[PDB]
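Before any comments, here is the structure.
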2 protein chains.
Amino acid sequence: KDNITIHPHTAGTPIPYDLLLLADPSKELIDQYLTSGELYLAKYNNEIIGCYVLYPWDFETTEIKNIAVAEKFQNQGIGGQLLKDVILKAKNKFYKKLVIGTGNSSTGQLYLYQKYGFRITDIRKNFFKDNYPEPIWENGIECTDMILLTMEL
Amino acid sequence: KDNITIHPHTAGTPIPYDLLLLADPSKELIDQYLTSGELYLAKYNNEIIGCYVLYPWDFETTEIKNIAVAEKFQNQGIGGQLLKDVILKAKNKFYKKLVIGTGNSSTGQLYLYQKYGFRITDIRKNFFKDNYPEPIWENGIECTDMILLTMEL
Ligand SMILES: CC(=O)SCCNC(=O)CCNC(=O)[C@H](O)C(C)(C)COP(=O)(O)OP(=O)(O)OC[C@H]1O[C@@H](n2cnc3c(N)ncnc32)[C@H](O)[C@@H]1OP(=O)(O)O
Ligand SMILES: CC(=O)SCCNC(=O)CCNC(=O)[C@H](O)C(C)(C)COP(=O)(O)OP(=O)(O)OC[C@H]1O[C@@H](n2cnc3c(N)ncnc32)[C@H](O)[C@@H]1OP(=O)(O)O
């Protein structure tokens with residue numbers, strides 16, 4: 001909606017694993033990019049309803065390692081508001097490219113990221129097969145490969 | 001449906017440009033891969049309602065350069081029947097890989113081809129921008145790049 005607020009996560013505050021796990025089934029992988037990344041929390045009427053994690057590769061590129069919206073609040077435009085906020089945060093830290101990777105089966109998400117300016121740029125063959133023990137499925141398609149999209153900032 | 005027939009196009013028969021143009025807006029590009037490709041026609045109660053073109057790259061790979069279903073008959077499973085038939089024809093000619101390329105904005109099609117066994121393998125940046133004069137748009141996304149998918153036969 002139009003009355004959502006976004007702030008960085010504060011030390012001592014609970015980490016919204018419920019939300020992060022909607023986007024990444026591995027709590028181990030989440031905690032790893034929380035080490036060097038920056039977590040942001042989207043609040044609406046005092047409740048944390050969404051989040052994203054920015055994860056620098058280097059000076060030029062930073063990656064959205066995780067972006068999630070509470071299941072009760074999806075498909076109301078909150079994700080788009082989050083993506084706009086990520087774009088500003090990455091620009092403010094002088095990154096030149098913003099990257100996000102999603103599953104080959106995530107065809108709905110491939111629309112959304114392109115709507116906000118991401119171009120499809122790379123395929124990571126068997127990324128999910130190699131990095132997650134149990135296979136992952138969407139829409140009856142096995143999610144084996146990562147599709148990487150890139151936005152020039 | 002279950003009562004569709006598929007046959008190669010016969011010399012002297014009209015070429016269904018109405019159908020081919022649904023899949024490729026350039027009659028010039030269509031006629032070019034009709035030169036070295038093979039056109040197949042799907043008939044239902046005597047009417048041509050779909051078609052595809054197979055276009056060899058070399059001994060190992062052949063490409064679906066064009067696949068189309070009449071607008072009145074779409075989303076009834078005819079395209080899937082066509083894709084199954086292409087797979088058999090390519091195997092029968094001893095190809096090892098079957099390739100199809102669609103637009104970055106064609107997220108519905110990215111589902112369908114993966115459902116029938118195609119993996120996303122390659123991005124052709126600015127393919128449509130370079131090869132078609134007028135820009136092409138889908139779902140409010142500009143169609144600039146070709147997504148190439150590959151099936152091991
Ligand atoms: C790096 C990573 O984290 S990849 C994993 C991403 N996270 C997840 O998958 C976790 C689970 N899902 C979610 O948390 C969320 O659904 C998100 C983060 C993916 C998206 O957030 P949302 O608030 O649901 O998205 P939002 O409402 O802004 O837009 C979704 C869009 O999909 C569109 N859409 C609807 N049906 C379809 C469809 N069949 N195909 C494509 N797009 C569709 C909607 O219309 C909407 O677009 P629009 O606003 O232009 O009309
Ligand atoms: C190389 C080239 O030619 S690329 C260009 C391809 N051709 C074209 O775009 C021409 C215009 N379109 C067409 O001719 C046809 O629609 C084709 C050839 C793309 C597909 O043929 P169709 O008969 O419509 O497909 P079919 O009915 O078998 O299946 C379409 C699928 O999309 C699914 N679908 C529906 N909504 C969506 C959505 N939002 N996102 C993804 N998939 C969706 C349908 O459920 C169906 O899948 P299912 O059978 O597994 O449930």
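Identifiers in this document derive from the order of the structure tokens: chains are assigned A, B, ..., residues are numbered from 1 separately in each chain, and ligands are numbered from 1 in order of occurrence.
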
What are the closest atom pairs, with distances in Å to one decimal, for each residue of chain B lying within 7 Å of chain A, using only C-alpha atoms, rows by chain and rising residue number, as CSV?
```
residue,atom,partner,partner_atom,distance
B:105,CA,A:111,CA,6.9
B:107,CA,A:107,CA,5.5
B:110,CA,A:107,CA,6.9
B:111,CA,A:107,CA,6.5
B:114,CA,A:141,CA,6.9
B:115,CA,A:141,CA,6.1
B:121,CA,A:123,CA,6.3
B:122,CA,A:123,CA,6.7
B:123,CA,A:121,CA,6.3
B:141,CA,A:115,CA,6.1
```

Mind dumping the selected residues with N, CA, C and O atoms as a PDB file, in the first residue's frame?
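Everything below was put into out-v7.pdb:
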```pdb
ATOM      1  N   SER B 105       9.968 -10.988 -22.361  1.00  0.00           N
ATOM      2  CA  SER B 105       8.664 -10.641 -21.806  1.00  0.00           C
ATOM      3  C   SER B 105       7.652 -11.778 -21.890  1.00  0.00           C
ATOM      4  O   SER B 105       6.560 -11.650 -21.322  1.00  0.00           O
ATOM      5  N   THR B 107       6.717 -14.499 -20.483  1.00  0.00           N
ATOM      6  CA  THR B 107       6.863 -15.321 -19.290  1.00  0.00           C
ATOM      7  C   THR B 107       5.891 -16.493 -19.282  1.00  0.00           C
ATOM      8  O   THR B 107       6.234 -17.566 -18.776  1.00  0.00           O
ATOM      9  N   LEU B 110       7.636 -19.101 -21.324  1.00  0.00           N
ATOM     10  CA  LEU B 110       8.729 -19.723 -20.581  1.00  0.00           C
ATOM     11  C   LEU B 110       8.227 -20.871 -19.704  1.00  0.00           C
ATOM     12  O   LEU B 110       8.920 -21.883 -19.547  1.00  0.00           O
ATOM     13  N   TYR B 111       7.019 -20.745 -19.142  1.00  0.00           N
ATOM     14  CA  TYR B 111       6.418 -21.880 -18.442  1.00  0.00           C
ATOM     15  C   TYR B 111       6.195 -23.051 -19.390  1.00  0.00           C
ATOM     16  O   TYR B 111       6.631 -24.177 -19.116  1.00  0.00           O
ATOM     17  N   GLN B 114       9.201 -25.103 -20.663  1.00  0.00           N
ATOM     18  CA  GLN B 114       9.821 -25.867 -19.582  1.00  0.00           C
ATOM     19  C   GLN B 114       8.958 -27.047 -19.164  1.00  0.00           C
ATOM     20  O   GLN B 114       9.487 -28.117 -18.832  1.00  0.00           O
ATOM     21  N   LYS B 115       7.633 -26.867 -19.154  1.00  0.00           N
ATOM     22  CA  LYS B 115       6.724 -27.978 -18.878  1.00  0.00           C
ATOM     23  C   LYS B 115       7.005 -29.171 -19.789  1.00  0.00           C
ATOM     24  O   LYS B 115       6.873 -30.326 -19.370  1.00  0.00           O
ATOM     25  N   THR B 121      18.786 -21.920 -21.236  1.00  0.00           N
ATOM     26  CA  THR B 121      20.234 -22.108 -21.356  1.00  0.00           C
ATOM     27  C   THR B 121      21.029 -20.872 -21.762  1.00  0.00           C
ATOM     28  O   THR B 121      22.220 -20.789 -21.441  1.00  0.00           O
ATOM     29  N   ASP B 122      20.419 -19.912 -22.455  1.00  0.00           N
ATOM     30  CA  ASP B 122      21.196 -18.821 -23.035  1.00  0.00           C
ATOM     31  C   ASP B 122      20.351 -17.561 -23.139  1.00  0.00           C
ATOM     32  O   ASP B 122      19.136 -17.628 -23.338  1.00  0.00           O
ATOM     33  N   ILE B 123      21.011 -16.406 -23.021  1.00  0.00           N
ATOM     34  CA  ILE B 123      20.392 -15.108 -23.285  1.00  0.00           C
ATOM     35  C   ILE B 123      21.080 -14.481 -24.495  1.00  0.00           C
ATOM     36  O   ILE B 123      22.313 -14.413 -24.544  1.00  0.00           O
ATOM     37  N   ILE B 141       6.074  -4.941 -20.766  1.00  0.00           N
ATOM     38  CA  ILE B 141       7.524  -5.142 -20.744  1.00  0.00           C
ATOM     39  C   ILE B 141       8.015  -5.060 -22.180  1.00  0.00           C
ATOM     40  O   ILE B 141       7.420  -5.670 -23.073  1.00  0.00           O
TER      41      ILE B 141
END
```

Mind checking which residues fall within 8 Å of residue 8 (chain A), counting only C-alpha atoms, ignoring those fewer than 3 positions away in the same chain, and posting them as a list in words?
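Selected residues are residues 38, 39, 40 and 41 of chain A.
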
List all protein, DNA and RNA residues that have at least one atom no more than 9 Å from any atom of ligand 2, counting only C-alpha atoms and all ligand atoms, and write them as a PDB file with N, CA, C and O atoms, in the first residue's frame.
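And here's out.pdb as it stands now:
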```
ATOM      1  N   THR A 107       8.198 -17.999 -13.108  1.00  0.00           N
ATOM      2  CA  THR A 107       7.894 -17.170 -14.266  1.00  0.00           C
ATOM      3  C   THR A 107       7.110 -15.922 -13.885  1.00  0.00           C
ATOM      4  O   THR A 107       7.294 -14.873 -14.509  1.00  0.00           O
ATOM      5  N   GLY A 108       6.249 -15.999 -12.862  1.00  0.00           N
ATOM      6  CA  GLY A 108       5.629 -14.785 -12.351  1.00  0.00           C
ATOM      7  C   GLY A 108       6.629 -13.757 -11.861  1.00  0.00           C
ATOM      8  O   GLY A 108       6.489 -12.561 -12.136  1.00  0.00           O
ATOM      9  N   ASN A 139       4.741 -24.752  -9.929  1.00  0.00           N
ATOM     10  CA  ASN A 139       3.879 -24.858 -11.104  1.00  0.00           C
ATOM     11  C   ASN A 139       4.105 -26.164 -11.844  1.00  0.00           C
ATOM     12  O   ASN A 139       3.925 -26.235 -13.063  1.00  0.00           O
ATOM     13  N   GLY A 140       4.542 -27.191 -11.121  1.00  0.00           N
ATOM     14  CA  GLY A 140       4.835 -28.467 -11.735  1.00  0.00           C
ATOM     15  C   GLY A 140       6.119 -28.507 -12.524  1.00  0.00           C
ATOM     16  O   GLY A 140       6.346 -29.483 -13.248  1.00  0.00           O
TER      17      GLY A 140
ATOM     18  N   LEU B  19      -0.877 -17.609 -39.613  1.00  0.00           N
ATOM     19  CA  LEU B  19      -0.398 -18.287 -38.412  1.00  0.00           C
ATOM     20  C   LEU B  19       1.067 -17.959 -38.119  1.00  0.00           C
ATOM     21  O   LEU B  19       1.410 -17.586 -36.989  1.00  0.00           O
ATOM     22  N   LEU B  20       1.949 -18.108 -39.114  1.00  0.00           N
ATOM     23  CA  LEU B  20       3.376 -17.866 -38.884  1.00  0.00           C
ATOM     24  C   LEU B  20       3.622 -16.462 -38.340  1.00  0.00           C
ATOM     25  O   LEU B  20       4.476 -16.269 -37.463  1.00  0.00           O
ATOM     26  N   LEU B  21       2.859 -15.475 -38.828  1.00  0.00           N
ATOM     27  CA  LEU B  21       3.036 -14.096 -38.400  1.00  0.00           C
ATOM     28  C   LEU B  21       2.578 -13.872 -36.966  1.00  0.00           C
ATOM     29  O   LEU B  21       2.969 -12.866 -36.369  1.00  0.00           O
ATOM     30  N   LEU B  22       1.745 -14.758 -36.409  1.00  0.00           N
ATOM     31  CA  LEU B  22       1.408 -14.632 -34.995  1.00  0.00           C
ATOM     32  C   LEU B  22       2.638 -14.853 -34.131  1.00  0.00           C
ATOM     33  O   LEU B  22       2.744 -14.279 -33.039  1.00  0.00           O
ATOM     34  N   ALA B  23       3.579 -15.666 -34.619  1.00  0.00           N
ATOM     35  CA  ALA B  23       4.772 -16.041 -33.875  1.00  0.00           C
ATOM     36  C   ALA B  23       5.998 -15.219 -34.250  1.00  0.00           C
ATOM     37  O   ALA B  23       6.927 -15.120 -33.442  1.00  0.00           O
ATOM     38  N   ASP B  24       6.022 -14.629 -35.442  1.00  0.00           N
ATOM     39  CA  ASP B  24       7.159 -13.858 -35.920  1.00  0.00           C
ATOM     40  C   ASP B  24       6.642 -12.719 -36.793  1.00  0.00           C
ATOM     41  O   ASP B  24       6.112 -12.967 -37.884  1.00  0.00           O
ATOM     42  N   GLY B  50      -2.757 -24.588 -36.747  1.00  0.00           N
ATOM     43  CA  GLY B  50      -1.471 -24.418 -36.096  1.00  0.00           C
ATOM     44  C   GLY B  50      -0.380 -24.879 -37.029  1.00  0.00           C
ATOM     45  O   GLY B  50      -0.643 -25.515 -38.056  1.00  0.00           O
ATOM     46  N   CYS B  51       0.859 -24.552 -36.649  1.00  0.00           N
ATOM     47  CA  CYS B  51       2.015 -24.862 -37.485  1.00  0.00           C
ATOM     48  C   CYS B  51       3.281 -24.727 -36.663  1.00  0.00           C
ATOM     49  O   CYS B  51       3.301 -24.055 -35.626  1.00  0.00           O
ATOM     50  N   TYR B  52       4.346 -25.363 -37.150  1.00  0.00           N
ATOM     51  CA  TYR B  52       5.682 -25.092 -36.634  1.00  0.00           C
ATOM     52  C   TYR B  52       6.709 -25.270 -37.755  1.00  0.00           C
ATOM     53  O   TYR B  52       6.455 -25.931 -38.768  1.00  0.00           O
ATOM     54  N   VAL B  53       7.868 -24.644 -37.557  1.00  0.00           N
ATOM     55  CA  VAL B  53       8.994 -24.717 -38.483  1.00  0.00           C
ATOM     56  C   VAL B  53      10.216 -25.226 -37.727  1.00  0.00           C
ATOM     57  O   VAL B  53      10.610 -24.642 -36.700  1.00  0.00           O
ATOM     58  N   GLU B  63      16.257 -26.203 -34.429  1.00  0.00           N
ATOM     59  CA  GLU B  63      15.600 -25.119 -33.720  1.00  0.00           C
ATOM     60  C   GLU B  63      14.148 -25.017 -34.172  1.00  0.00           C
ATOM     61  O   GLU B  63      13.838 -25.168 -35.355  1.00  0.00           O
ATOM     62  N   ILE B  64      13.260 -24.813 -33.208  1.00  0.00           N
ATOM     63  CA  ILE B  64      11.885 -24.430 -33.505  1.00  0.00           C
ATOM     64  C   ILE B  64      11.923 -22.933 -33.786  1.00  0.00           C
ATOM     65  O   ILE B  64      11.932 -22.126 -32.853  1.00  0.00           O
ATOM     66  N   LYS B  65      11.988 -22.557 -35.065  1.00  0.00           N
ATOM     67  CA  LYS B  65      12.026 -21.145 -35.422  1.00  0.00           C
ATOM     68  C   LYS B  65      10.658 -20.491 -35.323  1.00  0.00           C
ATOM     69  O   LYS B  65      10.574 -19.259 -35.250  1.00  0.00           O
ATOM     70  N   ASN B  66       9.591 -21.282 -35.344  1.00  0.00           N
ATOM     71  CA  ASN B  66       8.244 -20.726 -35.382  1.00  0.00           C
ATOM     72  C   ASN B  66       7.282 -21.786 -34.879  1.00  0.00           C
ATOM     73  O   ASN B  66       7.372 -22.941 -35.281  1.00  0.00           O
ATOM     74  N   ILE B  67       6.410 -21.413 -33.949  1.00  0.00           N
ATOM     75  CA  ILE B  67       5.340 -22.303 -33.520  1.00  0.00           C
ATOM     76  C   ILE B  67       4.131 -21.435 -33.194  1.00  0.00           C
ATOM     77  O   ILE B  67       4.246 -20.445 -32.458  1.00  0.00           O
ATOM     78  N   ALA B  68       2.978 -21.780 -33.761  1.00  0.00           N
ATOM     79  CA  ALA B  68       1.813 -20.911 -33.597  1.00  0.00           C
ATOM     80  C   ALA B  68       0.526 -21.724 -33.581  1.00  0.00           C
ATOM     81  O   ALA B  68       0.423 -22.769 -34.228  1.00  0.00           O
ATOM     82  N   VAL B  69      -0.460 -21.217 -32.841  1.00  0.00           N
ATOM     83  CA  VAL B  69      -1.798 -21.784 -32.797  1.00  0.00           C
ATOM     84  C   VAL B  69      -2.779 -20.654 -33.033  1.00  0.00           C
ATOM     85  O   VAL B  69      -2.636 -19.576 -32.442  1.00  0.00           O
ATOM     86  N   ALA B  70      -3.779 -20.903 -33.888  1.00  0.00           N
ATOM     87  CA  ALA B  70      -4.814 -19.917 -34.176  1.00  0.00           C
ATOM     88  C   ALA B  70      -5.350 -19.306 -32.890  1.00  0.00           C
ATOM     89  O   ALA B  70      -5.558 -20.004 -31.896  1.00  0.00           O
ATOM     90  N   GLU B  71      -5.590 -17.989 -32.922  1.00  0.00           N
ATOM     91  CA  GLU B  71      -6.033 -17.288 -31.720  1.00  0.00           C
ATOM     92  C   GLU B  71      -7.331 -17.865 -31.161  1.00  0.00           C
ATOM     93  O   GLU B  71      -7.485 -17.947 -29.941  1.00  0.00           O
ATOM     94  N   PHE B  73      -8.193 -20.881 -31.016  1.00  0.00           N
ATOM     95  CA  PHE B  73      -7.947 -22.220 -30.497  1.00  0.00           C
ATOM     96  C   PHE B  73      -6.853 -22.262 -29.437  1.00  0.00           C
ATOM     97  O   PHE B  73      -6.438 -23.356 -29.036  1.00  0.00           O
ATOM     98  N   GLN B  74      -6.363 -21.116 -28.979  1.00  0.00           N
ATOM     99  CA  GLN B  74      -5.270 -21.162 -28.019  1.00  0.00           C
ATOM    100  C   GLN B  74      -5.788 -21.578 -26.643  1.00  0.00           C
ATOM    101  O   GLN B  74      -6.990 -21.544 -26.365  1.00  0.00           O
ATOM    102  N   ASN B  75      -4.852 -21.989 -25.781  1.00  0.00           N
ATOM    103  CA  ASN B  75      -5.149 -22.347 -24.389  1.00  0.00           C
ATOM    104  C   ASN B  75      -6.156 -23.486 -24.304  1.00  0.00           C
ATOM    105  O   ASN B  75      -6.987 -23.545 -23.396  1.00  0.00           O
ATOM    106  N   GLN B  76      -6.083 -24.396 -25.268  1.00  0.00           N
ATOM    107  CA  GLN B  76      -6.840 -25.636 -25.226  1.00  0.00           C
ATOM    108  C   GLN B  76      -5.920 -26.841 -25.343  1.00  0.00           C
ATOM    109  O   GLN B  76      -6.404 -27.947 -25.593  1.00  0.00           O
ATOM    110  N   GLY B  77      -4.605 -26.650 -25.180  1.00  0.00           N
ATOM    111  CA  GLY B  77      -3.642 -27.729 -25.235  1.00  0.00           C
ATOM    112  C   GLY B  77      -3.081 -28.067 -26.606  1.00  0.00           C
ATOM    113  O   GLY B  77      -2.287 -29.010 -26.706  1.00  0.00           O
ATOM    114  N   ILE B  78      -3.451 -27.338 -27.664  1.00  0.00           N
ATOM    115  CA  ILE B  78      -2.930 -27.678 -28.989  1.00  0.00           C
ATOM    116  C   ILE B  78      -1.425 -27.433 -29.066  1.00  0.00           C
ATOM    117  O   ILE B  78      -0.686 -28.225 -29.665  1.00  0.00           O
ATOM    118  N   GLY B  79      -0.944 -26.334 -28.479  1.00  0.00           N
ATOM    119  CA  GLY B  79       0.488 -26.069 -28.513  1.00  0.00           C
ATOM    120  C   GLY B  79       1.308 -27.193 -27.905  1.00  0.00           C
ATOM    121  O   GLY B  79       2.347 -27.582 -28.449  1.00  0.00           O
ATOM    122  N   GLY B  80       0.845 -27.739 -26.779  1.00  0.00           N
ATOM    123  CA  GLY B  80       1.529 -28.868 -26.176  1.00  0.00           C
ATOM    124  C   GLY B  80       1.569 -30.083 -27.084  1.00  0.00           C
ATOM    125  O   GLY B  80       2.583 -30.785 -27.158  1.00  0.00           O
ATOM    126  N   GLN B  81       0.463 -30.355 -27.778  1.00  0.00           N
ATOM    127  CA  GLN B  81       0.460 -31.442 -28.750  1.00  0.00           C
ATOM    128  C   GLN B  81       1.477 -31.182 -29.852  1.00  0.00           C
ATOM    129  O   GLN B  81       2.191 -32.100 -30.277  1.00  0.00           O
ATOM    130  N   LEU B  82       1.566 -29.931 -30.318  1.00  0.00           N
ATOM    131  CA  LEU B  82       2.569 -29.589 -31.323  1.00  0.00           C
ATOM    132  C   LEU B  82       3.980 -29.837 -30.797  1.00  0.00           C
ATOM    133  O   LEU B  82       4.814 -30.429 -31.491  1.00  0.00           O
ATOM    134  N   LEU B  83       4.268 -29.401 -29.562  1.00  0.00           N
ATOM    135  CA  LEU B  83       5.618 -29.559 -29.030  1.00  0.00           C
ATOM    136  C   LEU B  83       6.016 -31.030 -28.928  1.00  0.00           C
ATOM    137  O   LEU B  83       7.158 -31.392 -29.246  1.00  0.00           O
ATOM    138  N   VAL B  99      16.118 -26.741 -29.772  1.00  0.00           N
ATOM    139  CA  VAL B  99      16.239 -25.405 -29.209  1.00  0.00           C
ATOM    140  C   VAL B  99      15.010 -24.583 -29.590  1.00  0.00           C
ATOM    141  O   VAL B  99      14.427 -24.767 -30.658  1.00  0.00           O
ATOM    142  N   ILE B 100      14.598 -23.697 -28.690  1.00  0.00           N
ATOM    143  CA  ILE B 100      13.574 -22.707 -29.000  1.00  0.00           C
ATOM    144  C   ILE B 100      13.934 -21.403 -28.302  1.00  0.00           C
ATOM    145  O   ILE B 100      14.420 -21.405 -27.166  1.00  0.00           O
ATOM    146  N   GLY B 101      13.717 -20.288 -28.995  1.00  0.00           N
ATOM    147  CA  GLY B 101      14.003 -18.983 -28.428  1.00  0.00           C
ATOM    148  C   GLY B 101      12.769 -18.109 -28.355  1.00  0.00           C
ATOM    149  O   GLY B 101      12.044 -17.991 -29.342  1.00  0.00           O
ATOM    150  N   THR B 102      12.501 -17.496 -27.206  1.00  0.00           N
ATOM    151  CA  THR B 102      11.339 -16.630 -27.081  1.00  0.00           C
ATOM    152  C   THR B 102      11.767 -15.315 -26.424  1.00  0.00           C
ATOM    153  O   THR B 102      12.926 -15.133 -26.051  1.00  0.00           O
ATOM    154  N   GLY B 103      10.827 -14.376 -26.305  1.00  0.00           N
ATOM    155  CA  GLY B 103      11.167 -13.061 -25.798  1.00  0.00           C
ATOM    156  C   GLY B 103      11.284 -13.022 -24.287  1.00  0.00           C
ATOM    157  O   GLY B 103      10.676 -13.817 -23.557  1.00  0.00           O
ATOM    158  N   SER B 106       7.996 -12.879 -22.560  1.00  0.00           N
ATOM    159  CA  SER B 106       7.070 -13.985 -22.831  1.00  0.00           C
ATOM    160  C   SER B 106       7.058 -14.992 -21.686  1.00  0.00           C
ATOM    161  O   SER B 106       7.352 -16.177 -21.872  1.00  0.00           O
ATOM    162  N   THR B 107       6.717 -14.499 -20.483  1.00  0.00           N
ATOM    163  CA  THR B 107       6.863 -15.321 -19.290  1.00  0.00           C
ATOM    164  C   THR B 107       5.891 -16.493 -19.282  1.00  0.00           C
ATOM    165  O   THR B 107       6.234 -17.566 -18.776  1.00  0.00           O
ATOM    166  N   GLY B 108       4.689 -16.328 -19.848  1.00  0.00           N
ATOM    167  CA  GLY B 108       3.813 -17.476 -20.029  1.00  0.00           C
ATOM    168  C   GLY B 108       4.426 -18.575 -20.876  1.00  0.00           C
ATOM    169  O   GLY B 108       4.318 -19.760 -20.545  1.00  0.00           O
ATOM    170  N   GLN B 109       5.063 -18.203 -21.997  1.00  0.00           N
ATOM    171  CA  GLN B 109       5.710 -19.194 -22.844  1.00  0.00           C
ATOM    172  C   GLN B 109       6.889 -19.858 -22.138  1.00  0.00           C
ATOM    173  O   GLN B 109       7.171 -21.037 -22.372  1.00  0.00           O
ATOM    174  N   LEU B 110       7.636 -19.101 -21.324  1.00  0.00           N
ATOM    175  CA  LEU B 110       8.729 -19.723 -20.581  1.00  0.00           C
ATOM    176  C   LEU B 110       8.227 -20.871 -19.704  1.00  0.00           C
ATOM    177  O   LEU B 110       8.920 -21.883 -19.547  1.00  0.00           O
ATOM    178  N   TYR B 111       7.019 -20.745 -19.142  1.00  0.00           N
ATOM    179  CA  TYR B 111       6.418 -21.880 -18.442  1.00  0.00           C
ATOM    180  C   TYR B 111       6.195 -23.051 -19.390  1.00  0.00           C
ATOM    181  O   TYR B 111       6.631 -24.177 -19.116  1.00  0.00           O
ATOM    182  N   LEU B 112       5.496 -22.805 -20.507  1.00  0.00           N
ATOM    183  CA  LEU B 112       5.030 -23.898 -21.359  1.00  0.00           C
ATOM    184  C   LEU B 112       6.192 -24.734 -21.881  1.00  0.00           C
ATOM    185  O   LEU B 112       6.138 -25.970 -21.855  1.00  0.00           O
ATOM    186  N   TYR B 113       7.241 -24.083 -22.391  1.00  0.00           N
ATOM    187  CA  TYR B 113       8.355 -24.854 -22.948  1.00  0.00           C
ATOM    188  C   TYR B 113       9.058 -25.666 -21.860  1.00  0.00           C
ATOM    189  O   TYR B 113       9.433 -26.824 -22.079  1.00  0.00           O
ATOM    190  N   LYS B 115       7.633 -26.867 -19.154  1.00  0.00           N
ATOM    191  CA  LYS B 115       6.724 -27.978 -18.878  1.00  0.00           C
ATOM    192  C   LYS B 115       7.005 -29.171 -19.789  1.00  0.00           C
ATOM    193  O   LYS B 115       6.873 -30.326 -19.370  1.00  0.00           O
ATOM    194  N   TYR B 116       7.383 -28.915 -21.042  1.00  0.00           N
ATOM    195  CA  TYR B 116       7.628 -29.993 -21.989  1.00  0.00           C
ATOM    196  C   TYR B 116       9.104 -30.373 -22.111  1.00  0.00           C
ATOM    197  O   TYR B 116       9.470 -31.134 -23.014  1.00  0.00           O
TER     198      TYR B 116
END
```

From a DSSP calculation on the backbone, collect every residue of chain B in strand (DSSP E) and output the set as a ChimeraX atom specification.
/B:5-8,38-44,47-56,61-69,97-103,119-124,137-138,141-142,146-152

If you run DSSP on the backbone, which residues of region 69-141 of chain A are helix (DSSP H, G or I), as a PyMOL selection string?
chain A and resi 71-73+78-92+107-115+127-131

Set the distance at 7 Å and use only C-alpha atoms: which residues neighbour residue 43 (chain B) once local chain neighbours fewer than 2 positions away are removed? I'd like the list as a PyMOL selection string.
chain B and resi 4-6+41+45-49

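Comparing B:138, B:2, B:130, B:152 by their smallest distance to ligand 1, the closest is B:138 (using only C-alpha atoms and all ligand atoms).
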
Provide the CA of residue 35 (chain A) to CA of residue 98 (chain A) distance in Å, to one decimal place.
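Result for CA of residue 35 (chain A) versus CA of residue 98 (chain A): 19.1 Å, one decimal.
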
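CA of residue 11 (chain A) is found 27.8 Å from CA of residue 97 (chain A).
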